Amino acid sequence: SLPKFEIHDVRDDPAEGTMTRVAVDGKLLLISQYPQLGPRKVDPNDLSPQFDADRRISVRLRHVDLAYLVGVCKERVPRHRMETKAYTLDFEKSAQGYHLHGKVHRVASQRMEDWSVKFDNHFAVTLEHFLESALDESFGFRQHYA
């Protein structure tokens, strides 16, 4: 189980609900998002999933991208653009937090689409701390010395 944080945004109009996950595997950040599947659950007996994995977005960043994201948090650079065959994304600090946006495609669906996610207020602090922690632990000192 990788270090991660998740933002659960369940809505009445499921069309707009999402669960966003930010995780890290060593040097590589994995940012994913799951669209809400169906109405907000209420019945505790309902073991169906609240979000849809078959329609998830999942992008993988490089070690240097993790360092650029921290640089945007520290305001050493205004923004960072990343482009691969799988996506085109810009990450910038806003007045309220951070904005990650561009074009991605869902799993098993070759077809690009506009996408945007924000990490604001306490979620901006959560993201800042997670990225700094991830970058510090990315070299392997703790495991090597253990």
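Just count from 1 along the sequence shown to find any residue number.
As listed in the deposited structure, the average C-alpha B-factor of 55 to 63 and of 106 to 114 is greater for 106 to 114. The question of which stretch, 94 to 102 or 27 to 35, has the higher mean Cα B factor is settled in favour of 94 to 102.
Ranking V22, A124, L135, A15 by Cα temperature factor from the entry places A15 first. Ranked by Cα temperature factor within the chain, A86 sits in the highest third according to the deposited record.
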